[PDB]
Amino acid sequence: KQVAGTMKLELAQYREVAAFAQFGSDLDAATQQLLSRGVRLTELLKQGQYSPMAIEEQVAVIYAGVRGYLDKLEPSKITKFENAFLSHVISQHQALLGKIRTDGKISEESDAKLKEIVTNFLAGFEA
Amino acid sequence: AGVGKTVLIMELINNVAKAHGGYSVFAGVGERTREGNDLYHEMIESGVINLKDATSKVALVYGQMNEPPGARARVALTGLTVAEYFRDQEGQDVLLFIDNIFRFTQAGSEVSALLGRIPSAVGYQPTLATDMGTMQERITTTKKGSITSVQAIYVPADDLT
Amino acid sequence: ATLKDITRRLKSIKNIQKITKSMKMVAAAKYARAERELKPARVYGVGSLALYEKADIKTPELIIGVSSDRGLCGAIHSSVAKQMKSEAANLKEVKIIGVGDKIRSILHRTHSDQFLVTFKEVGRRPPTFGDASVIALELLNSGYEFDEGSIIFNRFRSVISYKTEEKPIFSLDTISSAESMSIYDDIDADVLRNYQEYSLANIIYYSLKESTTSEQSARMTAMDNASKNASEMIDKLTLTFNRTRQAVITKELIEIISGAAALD
Amino acid sequence: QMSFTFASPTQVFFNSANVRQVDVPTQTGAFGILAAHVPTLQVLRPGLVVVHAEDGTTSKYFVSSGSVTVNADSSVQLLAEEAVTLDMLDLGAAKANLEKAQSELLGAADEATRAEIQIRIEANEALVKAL
Amino acid sequence: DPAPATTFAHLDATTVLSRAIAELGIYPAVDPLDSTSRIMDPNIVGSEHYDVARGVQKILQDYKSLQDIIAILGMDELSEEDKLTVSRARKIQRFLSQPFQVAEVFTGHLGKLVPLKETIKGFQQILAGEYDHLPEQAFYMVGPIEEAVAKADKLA
Amino acid sequence: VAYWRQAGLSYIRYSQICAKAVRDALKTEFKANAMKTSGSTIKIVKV
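Cut-offs used in this document
Residues numbered from 1 in each chain as written, not as in the entry; some residues may be left out. Chains lettered and ligands numbered in written order. Part of a larger assembly, values for the part shown. Heavy atoms only, no water. Residues with missing side-chain atoms left out of burial classes, pairs and counts. Helix = DSSP H or I, 4+ residues; strand = E, 2+ residues; numbered from the N terminus. Pairing = 2+ DSSP bridges. Axes fitted to C-alpha atoms, helices over the stretch in contact; angles between N-to-C directions. Parallel < 35°, antiparallel > 145°, perpendicular 65-115°, else oblique. Left-handed = near helix turned anticlockwise from the far one by under 90°. Contact = heavy atoms within 4.5 Å. Nonpolar A, V, L, I, M, F, W, Y, C, P; charged D, E, K, R; others polar.

- For this coordinate set, the PDB header names cryo-EM as the determination method and states a resolution of 6.7 Å.

## Quick notes on the overall build of chain F
Here is step 1: From N to C terminus, chain F includes two helices and one strand.
Here is step 2: Its helices and strands in sequence order give chain F the pattern α-α-β, from N to C terminus.
Here is step 3: Its C-alpha atoms give chain F principal-axis dimensions of roughly 35 × 35 × 10 Å.

## What to know about the sheet that holds strand 2 (residues 58-63) of chain B
All names here are of chain B.
Here is step 1: If you trace the four strands from one edge of the open sheet to the other, you get 2-1-3-4, paired in parallel fashion. The sheet is open, and its two borders are formed by strand 2 and strand 4 (146-151), each paired with just one other strand. Going across the sheet, the axis of each strand differs from the next one's by a mean of 15 degrees, ignoring polarity.
Here is step 2: With six bridges joining them, strand 1 (residues 23-29) and strand 2 adopt parallel strand pairing. Looking at strand 2, one finds that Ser 24 is bridged to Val 58.

## Digging into the packing of helix 3 (residues 69-89) of chain B against helix 4 (residues 101-114) of chain B
All names here are of chain B.
Here is step 1: For the pair helix 3 and helix 4, interaxial distance at closest approach is 7 Å and the crossing angle is 130 degrees. Classified by the angle between their axes, helix 3 and helix 4 sit oblique to one another. Relative to helix 4, helix 3 is oriented so that their crossing is left-handed. Along its contact with helix 3, which presents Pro 69, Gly 70 and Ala 73, the element helix 4 presents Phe 104, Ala 107 and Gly 108.
Here is step 2: By residue class, the composition of the contact of helix 3 with helix 4 is four nonpolar, two polar and no charged.

## Looking at unusual backbone geometry
Excluding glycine, a negative phi dihedral is what most residues carry, and trans is how most peptide bonds are arranged.
Here is step 1: Cis geometry marks the peptide bond from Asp99(B) to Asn100(B); its omega dihedral reads -10 degrees.
Here is step 2: When you line up the elements, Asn100(B) lands in the loop between strand 3 (93-99) and helix 4.
Here is step 3: With an omega dihedral of -5 degrees, the bond running from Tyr27(E) to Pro28(E) counts as a cis peptide bond.
Here is step 4: Tracing the backbone through its elements, the reader meets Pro28(E) in the loop between helix 2 (19-22) and strand 2 (36-37).
Here is step 5: Positioned with a positive phi, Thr110(C) is a non-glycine residue whose angle comes to about 155 degrees.
Here is step 6: Within the secondary structure, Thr110(C) sits in the loop between strand 2 (96-99) and strand 3 (118-120).
Here is step 7: Within the chain, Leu9(F) stands out as a residue other than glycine whose phi angle is a positive 70 degrees.

## Examining the pairing of strand 8 (residues 66-70) of chain D
Within a regular strand, side chains alternate between the sheet's two faces.
Residues and elements named next belong to chain D.
Here is step 1: Examined bridge by bridge, strand 5 (residues 40-44) and strand 8 share five bridges and lie antiparallel to one another. When the sheet's bridge partners are listed, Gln 42 is paired in strand 8 with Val 68.
Here is step 2: Both strand 8 and strand 9 (residues 75-80) contribute to a ladder of five bridges, which runs antiparallel. Along strand 9, the bridge assignment pairs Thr 69 with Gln 77.
Here is step 3: Taken together, strand 8 and the strand that follows it, strand 9, pair antiparallel across an intervening segment of four residues.

## Digging into the interface of chain C and chain D
Here is step 1: Across the boundary between the two partners, chain C contributes seven residues, which contact seven residues of chain D.
Here is step 2: Every element with two or more residues in the side of chain C that touches chain D is listed here: helix 1 (3-49) and helix 4 (189-196) of chain C.
Here is step 3: Split by residue class, the side of chain C that touches chain D holds five nonpolar, no polar and two charged.

So, in structure tokens, the structure goes:
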């Protein structure tokens, strides 16, 4: 709920305006941004077939974008991230992932740990 | 769907049932049974359905999808008949919540066809208008009350003519 | 006929509607800018004429048109087109100049090497003074200069409207020569002449911009029109649609039933 | 008592403003135009525009060039090319540009180039003037 | 509709009244690009007569073609010749119109009646575009093109 | 015209070198804007 509600919502907003993604390539920034964010969110919607998932991953990855961190990284490279980052957190912050999974929500901490994680990891991924 | 819709309805039920001394008939017409269970729960929840009085604001008739077409079709008159009781007889200001009359329409419609009877064009009941009529004319302010119908209407095919 | 065909229409017509509207705000932005930015210019270009209607011009003999650069330009381009092929011969010689590549896109279509060069980027990002100076410069070396011109642009009035305006050239130093013009002077026809220069840019800029101002708002206008128009049209189809749509069903049920009114 | 229209493409600085004088680096020579001034066009040097506004002001500018248009009547139209307040002009550059200029001059073979270079020098210099 | 669908076959003359046109209030309200005579075919009828028609028939038809484009697009990125035809067509359109002689009760107007020459010429004249500065609608509800010319004129 | 018709240059050219030099000069934020306002952005494209 904490990431997704907003995301849906964000996608709506993106989407009317995804209409004029094409042209409406020339407007105000907010909206240009919305497209950018949107696009970012889109990458997430590109997802594998041959591909199941845990919630924590799902939110993880969403978290990144919805926390706008993807809005730094470029759309194709989101994808690169997505695997990589995911596998990364999977490796390292497996600790954390256990926790998020467990906690079923996102804890503030988890969030914080995430926040930082993503950002660094991201910093590394987008490094 | 439940834009506080459901709620709104409940509120209406609330206002009227009170305000005119009214009472209501709810026909969960083709109710999606689970959703009617759910529905229950809101009402209960809301207390508008009082378990503390089966003299809640609303009489519930639920006529779910799993019932025959006929059954789904007919629950509407059943309810309708009730509202005439409450109207005239209880003197009350009945609300007839028809939910959805469209789901009725469908329920009837299936019947007309299925009777092999030609229903009007596109399957529309032959008698679609009289079906409606026969039902509809049983709604009014008589003198001993009024049954004001609150008709949930799903605009079939978003098509109106 | 078939709901399909109808969709070929509809589909795209919706698309258009949106798009047309897309073009609209865009145009509006362009426009928005176009007013605002018009201000110093306003003064400035108005400035150019200052002594050019107080300085009175025996035009001694660079006809140029200013319009859009784009499809969806309304009659921005057409107006000047009209009014500039009508001209071209007198000021002597058929030489025409298009600033605005929609100028010469209608008067491209009726002259071409009577132009010397023609300019774009007028639209598709909006003009600047520099540019006006650049063209101002080129105008000179082209000896059409000294055969006089008129400078025709879309003088904005309001978003919807401009009045294609025209002036006659004053970048000739043979206007800077003599005439009663001289008697308004206490300065030689050099630094005057080097104003004929300087002013060519000023005005050219101005006009250039005026045109584009006219244009951009008209470009919205075009975009209004269309997207409404599109809407109406959609509406109509939408009836016809359902009708046939339903019709089918009826007919179909018919065909079945009447097929059930036939042997099997 | 001059309606001073001081404008540049970018700006109108004074617009028919009751300026008492503008002291003019019109290509001419130093001239302080007050009020109405004879129909004459005199073209402007790069200089400063000092806008003796009829009130003690002198507004400062450096002007790149342009024309003064002196319209018979009360009105002066300084149509200054790039006439900028000295504020936004760049001293560091003026010298630097001038050195650089001096480098350029040498390659400003052909008077038209030179013209530009000497101009540049003049410019940079002129920037050195007040900056 | 099959019934009419059939009918055409039977028809020496198929007379299609255009409701569309009719709606424009126009009388003659015909859909003449639907109304035919097989003897509409050059030779037979004097092919000039016909040809004069062929230019028109064309002109209007092309003009008809434009109508989707125009319907949205109106005018200003199209082409000039067409702009002329448009106007001309617009006259032609009007020129077919003729009020009702009998049904002055209906028309108010007196209707008109036109023999061949003014007809052949009439439109042909429009083909010559002799009117292209003459008020376009003025061809409306006329018989002779002359009178139509007149109808433009009183105006200017 | 010391060279603004006497070593070429127009008032246009002369001036334009001035402005250009002003742009050459000026502080940079302003110089960004240079290419915008009054920065020649003619595209000399016949059509």
